[PDB]
Structures are given as structure tokens and as C-alpha cells.
Amino acid sequence: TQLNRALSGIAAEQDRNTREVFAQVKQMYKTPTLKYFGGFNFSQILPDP
Amino acid sequence: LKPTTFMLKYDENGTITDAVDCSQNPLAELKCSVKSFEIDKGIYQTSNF
Ligand SMILES: *[C@@H]1O[C@H](CO)[C@@H](O[C@@H]2O[C@H](CO)[C@@H](O[C@@H]3O[C@H](CO)[C@@H](O)[C@H](O[C@H]4O[C@H](CO)[C@@H](O)[C@H](O)[C@@H]4O)[C@@H]3O)[C@H](O)[C@H]2NC(C)=O)[C@H](O)[C@H]1NC(C)=O
Ligand SMILES: *[C@@H]1O[C@H](CO)[C@@H](O[C@@H]2O[C@H](CO)[C@@H](O)[C@H](O)[C@H]2NC(C)=O)[C@H](O)[C@H]1NC(C)=O
């Protein structure tokens, strides 16, 4: 059981790292339909619907 | 009588106040797991099958 905590202590704290990096946004924003802003082309960075 | 597992609670005077069958139902192993009658909200790893 001591070996189970030691992995489960890792496996949760490994899951904690992923939330802190990415989910720094409160709000989901829809991708704009204009993938071209003022001459700048964002096609390979935004996902394609 | 059966040879199974009990958790016992003693007072400050050495008197049994309470007990819980550790083989009764899946909640009651958890109280035997963490050594507490009162248990917080969360997910808790208990024994293998
Ligand atoms: C920003 O840059 C990106 C590059 O990453 C660019 O995305 C791609 O551009 C090409 C060319 O404009 C698009 O390809 C077209 O897609 C249609 C879909 O049916 C094809 O049929 C077209 O092919 C015809 O035309 C070609 C030359 O004109 C011929 O070689 C071909 O045989 C056909 O005759 C055409 O190639 C491609 O679809 C996009 N990519 C995506 C995911 O849309 C993007 O266009 C740039 N931004 C802007 C605003 O232009
Ligand atoms: C544990 O034993 C003690 C005695 O050592 C009990 O304490 C007494 O309790 C009575 C009635 O409750 C009081 O009038 C006394 O003042 C207490 N004495 C002391 C020294 O505390 C105590 O009640 C027992 N525990 C339980 C849960 O009953």
C-alpha cells in the first residue's frame, strides 16, 4: 500500500502540472472566421474547422 | 463468530465507544483505510481486487 500511494502521489501531481500550464484562461473563445488579419496569415496556427 | 477485521474507537478513559466492520460494504473499508470516521469529499484509493 505504501507503493500505491507513492505512485498515486506522482500520478495526481503529474496531472496537476497539465492544468497549470494550459488552463490559464477562464473563457473559451471561438475561432474567428477571418484567418487573415491585415495581411498576416494565421492558417497554419489556428485549427481548420 | 467470524474471523474478520474490525476498527475500534477508544475514548480518553479506555472505553470502546464505536466500531466499524471493515468487510461490510465499500464505504466501510474506506473508513478503515484512512483511519477516520469522518471523511472529506474526494477520490480515495483503496485495496486491490
Ligand atoms: C495563407 O497561407 C496558406 C498556406 O498555408 C493558404 O492555405 C492554402 O492555400 C492554398 C492556395 O490558396 C489553398 O489551395 C486551394 O484549395 C482549393 C480547394 O479545392 C483547391 O482546389 C485549389 O487548387 C486549385 O488552384 C491551384 C492554384 O491556384 C492549383 O494548383 C490546383 O490544381 C487547383 O487548380 C487551391 O490550391 C488551400 O486550400 C489553403 N489551405 C487551406 C487549409 O484552406 C491560405 O490560402 C493563405 N491565406 C489566404 C487568405 O489566402
Ligand atoms: C472519563 O473519565 C473521567 C473521570 O476521570 C470523567 O470525567 C468526569 O465526568 C464527570 C461527569 O461527566 C464530571 O462531573 C467530572 O468533573 C469529570 N472529571 C474529570 C477529572 O474530568 C469523564 O466523564 C469520562 N469520559 C466520558 C466520555 O464519560
# chains A, B, ... in the order shown; residues from 1 in each chain; ligands from 1
$ interface_residues --of "chain A" --to "chain B" --cutoff "10 Å" --atoms "only C-alpha atoms" --output "PyMOL selection string"
chain A and resi 1+4-5+8
$ select_by_dssp --residues "chain B" --states "alpha helix (DSSP H)" --output "list in words"
residues 26, 27, 28, 29, 30, 31, 32, 33 and 34 of chain B
$ closest_residue --among "B:9, B:21, B:1, B:49" --to "residue 36 in chain B" --atoms "only C-alpha atoms"
B:9
$ residues_near_ligand --ligand "ligand 1" --cutoff "8 Å" --atoms "only C-alpha atoms and all ligand atoms" --output "PDB file with N, CA, C and O atoms, in the first residue's frame"
ATOM      1  N   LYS A  35      -9.189  34.136 -41.007  1.00  0.00           N
ATOM      2  CA  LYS A  35      -7.856  33.659 -40.701  1.00  0.00           C
ATOM      3  C   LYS A  35      -6.785  34.517 -41.343  1.00  0.00           C
ATOM      4  O   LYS A  35      -5.683  34.029 -41.611  1.00  0.00           O
ATOM      5  N   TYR A  36      -7.081  35.789 -41.581  1.00  0.00           N
ATOM      6  CA  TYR A  36      -6.190  36.661 -42.329  1.00  0.00           C
ATOM      7  C   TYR A  36      -6.394  38.063 -41.779  1.00  0.00           C
ATOM      8  O   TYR A  36      -7.433  38.675 -42.025  1.00  0.00           O
ATOM      9  N   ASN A  41      -1.142  35.984 -42.058  1.00  0.00           N
ATOM     10  CA  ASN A  41      -1.859  34.772 -42.419  1.00  0.00           C
ATOM     11  C   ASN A  41      -1.635  33.737 -41.320  1.00  0.00           C
ATOM     12  O   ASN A  41      -0.517  33.247 -41.144  1.00  0.00           O
ATOM     13  N   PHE A  42      -2.706  33.400 -40.594  1.00  0.00           N
ATOM     14  CA  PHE A  42      -2.658  32.525 -39.430  1.00  0.00           C
ATOM     15  C   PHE A  42      -3.147  31.121 -39.705  1.00  0.00           C
ATOM     16  O   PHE A  42      -3.597  30.453 -38.772  1.00  0.00           O
ATOM     17  N   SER A  43      -3.091  30.666 -40.952  1.00  0.00           N
ATOM     18  CA  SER A  43      -3.760  29.422 -41.302  1.00  0.00           C
ATOM     19  C   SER A  43      -3.094  28.207 -40.675  1.00  0.00           C
ATOM     20  O   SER A  43      -3.778  27.248 -40.318  1.00  0.00           O
ATOM     21  N   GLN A  44      -1.784  28.228 -40.506  1.00  0.00           N
ATOM     22  CA  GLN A  44      -1.102  27.047 -40.013  1.00  0.00           C
ATOM     23  C   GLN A  44      -0.988  27.031 -38.506  1.00  0.00           C
ATOM     24  O   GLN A  44      -0.290  26.177 -37.961  1.00  0.00           O
ATOM     25  N   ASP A  48      -8.132  24.219 -38.459  1.00  0.00           N
ATOM     26  CA  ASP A  48      -9.114  24.371 -39.522  1.00  0.00           C
ATOM     27  C   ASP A  48     -10.397  23.659 -39.142  1.00  0.00           C
ATOM     28  O   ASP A  48     -10.352  22.487 -38.754  1.00  0.00           O
TER      29      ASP A  48
END
$ closest_atom_pairs --of "chain B" --to "ligand 2" --cutoff "10 Å" --atoms "only C-alpha atoms and all ligand atoms" --output "tab-separated table"
residue	atom	partner	partner_atom_place_in_ligand_line	distance
B:10	CA	ligand 2	27 (C)	9.9
B:11	CA	ligand 2	27 (C)	6.5
B:12	CA	ligand 2	1 (C)	6.2
B:13	CA	ligand 2	1 (C)	4.8
B:14	CA	ligand 2	1 (C)	8.3
B:15	CA	ligand 2	27 (C)	8.5
B:17	CA	ligand 2	27 (C)	8.8
$ residues_around --residues "residue 6 in chain B" --least-positions-apart "5" --cutoff "8 Å" --atoms "only C-alpha atoms" --output "list in words"
residues 19, 20, 21 and 22 of chain B
$ residues_around --residues "residue 38 in chain B" --least-positions-apart "5" --cutoff "12 Å" --atoms "only C-alpha atoms" --output "short mmCIF file (atom, residue, chain, number, x, y, z; two decimals) with N, CA, C and O atoms, in the first residue's frame"
data_model
loop_
_atom_site.label_atom_id
_atom_site.label_comp_id
_atom_site.auth_asym_id
_atom_site.auth_seq_id
_atom_site.Cartn_x
_atom_site.Cartn_y
_atom_site.Cartn_z
N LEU B 27 -17.96 1.53 1.49
CA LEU B 27 -17.67 2.71 2.30
C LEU B 27 -16.86 2.34 3.53
O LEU B 27 -15.92 3.05 3.90
N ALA B 28 -17.18 1.21 4.14
CA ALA B 28 -16.60 0.94 5.44
C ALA B 28 -15.16 0.48 5.35
O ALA B 28 -14.44 0.55 6.34
N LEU B 30 -13.18 2.14 3.46
CA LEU B 30 -12.53 3.43 3.33
C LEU B 30 -12.31 4.09 4.69
O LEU B 30 -11.27 4.70 4.91
N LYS B 31 -13.27 3.95 5.60
CA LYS B 31 -13.05 4.43 6.95
C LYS B 31 -11.94 3.64 7.63
O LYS B 31 -11.16 4.19 8.40
N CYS B 32 -11.84 2.35 7.31
CA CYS B 32 -10.71 1.58 7.79
C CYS B 32 -9.45 1.91 7.01
O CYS B 32 -8.34 1.64 7.49
N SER B 33 -9.59 2.48 5.81
CA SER B 33 -8.41 2.77 5.01
C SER B 33 -7.65 3.96 5.57
O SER B 33 -6.45 3.87 5.83
#
$ select_by_dssp --residues "chain B" --states "strand (DSSP E or B)" --output "JSON, numbers by chain"
{"B": [6, 7, 8, 9, 10, 16, 17, 18, 19, 20, 21]}
$ atom_distance --atom1 "CA of residue 28 in chain A" --atom2 "CA of residue 16 in chain A"
20.2 Å
$ atom_distance --atom1 "CA of residue 7 in chain B" --atom2 "CA of residue 25 in chain B"
13.8 Å
